[PDB]
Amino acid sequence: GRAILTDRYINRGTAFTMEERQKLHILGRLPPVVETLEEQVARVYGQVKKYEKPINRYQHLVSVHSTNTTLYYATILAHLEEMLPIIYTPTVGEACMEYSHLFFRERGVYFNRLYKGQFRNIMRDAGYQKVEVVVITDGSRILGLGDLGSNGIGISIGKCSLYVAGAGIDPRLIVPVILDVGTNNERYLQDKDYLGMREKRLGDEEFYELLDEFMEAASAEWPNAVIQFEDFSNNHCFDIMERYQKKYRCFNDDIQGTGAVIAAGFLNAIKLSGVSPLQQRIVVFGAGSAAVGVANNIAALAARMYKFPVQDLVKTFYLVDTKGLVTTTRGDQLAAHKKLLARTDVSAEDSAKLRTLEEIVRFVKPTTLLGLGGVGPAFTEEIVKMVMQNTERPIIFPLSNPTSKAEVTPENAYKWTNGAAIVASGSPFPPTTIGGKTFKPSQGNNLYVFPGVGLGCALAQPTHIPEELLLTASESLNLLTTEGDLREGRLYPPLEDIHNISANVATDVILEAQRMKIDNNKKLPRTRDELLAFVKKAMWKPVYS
């Protein structure tokens, strides 16, 4: 009766036919209109699209997710490019920050020092079987802005939901986790309505004692699961991966997902440019560990796909930090992560005259500007025009988040080059029309890779996730950009086709794992065509069945 309607996994609302309503004794529990899923999606979309503020839209979608899980995921997939900034970055962050009450109904798991030694019992008592995907955060944030502490559960809830939408992970087999080790958000510490551990973030030693117990408890109770780290601060995110990458099935989408996605898009940017990889001169504006991680992912992918010597791919890279061009002759002690991309072919005297971007671009004569600075619009009209002198097709990638940090707008880049610029960003931007010719930047969204990595590790059951599976996923994404997409200036397959992309990415990840003999699921086909067809069938679909 009203039990079927109150289970969000099997509830169909108005899609129950008259004759079904009769058999199920729910005649009189619904208005009399009968709708198809398509009609219900158009109705939900209409409801959503009339709300004016993102957080209003998010709140409406949360109520649909609460009542009718199928209709929620069906709505997301029919309008994915539009719904992505509502259901995740950056609306999700505002929702956590100020509307954390929207997450109370959802299936969160909470850990803290008060449950030390009980992490396994908490996981057992959760009563979830054959869990495939666990997103964990501590709410510290990657961009080191707005520590959310316990409210970070909204980030895990949002990320888990993107595995279901993106790769058809079954929504009963995802678990969002908050590991609450305190917060340095001073408003929260004095806020009467903060529900987390009201204390400063624990020191490293107690932090790793709790996270170790979590990783070991998850491996015993959720043995089939992938553990994905989300939105951990820079002080911990890299060290977490060095500590766990080999003993557990885990990855970090911020670090590994981002580089895999940017690399796939950058190589397609190379294909459209005229200028082949060994002919590229690439300014990397910004030299944090993440920016150097992306450069290395690009080198590693170009080596995989084209067997150029990797040393030679590295020499295409000119790294800029806060001081200027990174060189061996400029006279400072370089961070370990910067030595690898330091120029060896630049005198001390030239180094001293290479400090502002304008003069770095004038000397290096780059073919590509990679924006990973997050210090505002450093790619000026004159800097872009200078790149026009060195290539017919400047590759300009303003990837710094959020959009106000970005090095340049797609619109300015397209304008300043008269449509010649090849552009990718993190954020969706509308098309620019230049003399009747339309241009639209490619969105290097992390949704392209983590879902397929998740679905691939769910099926394959690898003992771990070494860099080789992330590289395979990077190449798989590059190779799904068709000749037709490339012809239309797209650097990625279309976002709307995420199920197909995720099936392909998973297939490739599985074959890499099989090849490395780290797979534990022997039921799988070991040839691509059969595997791809099997993977597509294993995927949960947002349709009534």
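Note that residue numbering begins at 1 and tracks the sequence as displayed.
K.L.:
Going by the mean C-alpha B-factor recorded in the entry, which is higher: 535-543 or 1-9?
P.N.:
Per the PDB record, 1-9.
K.L.:
Give the stretch, out of 122-130 and 266-274, with the larger mean C-alpha temperature factor in the deposited entry.
P.N.:
Looking at the recorded C-alpha B-factors, 122-130 comes out higher on average.
K.L.:
When the CA B-factors of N297, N445, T75, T329 are compared as recorded in the entry, which is the largest?
P.N.:
Comparing C-alpha B-factors across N297, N445, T75, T329, the maximum falls on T329.
K.L.:
Just the C-alpha B-factor column, please: which of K353, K307, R201, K159 has the biggest number?
P.N.:
Max CA B-factor in the entry, restricted to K353, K307, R201, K159: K353.
K.L.:
Using the B-factors in the PDB entry, rank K415's C-alpha atom against the chain and give the third, lowest, middle or highest.
P.N.:
Ranked within chain, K415 CA B lands in the highest tercile.
K.L.:
Mind checking which third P466 falls in for C-alpha B-factor across the chain?
P.N.:
Within its chain, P466 is a lowest-third residue by C-alpha B-factor, going by the deposited values.
K.L.:
Is the Cα B-factor recorded for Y110 in the lowest, middle or highest third of its chain?
P.N.:
Lowest third, going by the recorded CA B-factors of the chain.
K.L.:
Give the position of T67 by CA B-factor within its chain, expressed as the lowest, middle or highest third.
P.N.:
Answer is middle: the recorded C-alpha B-factor places it there.
K.L.:
Just say lowest, middle or highest third for the CA B-factor of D519 relative to the other modelled residues in its chain.
P.N.:
Highest third of the chain for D519's C-alpha B-factor.
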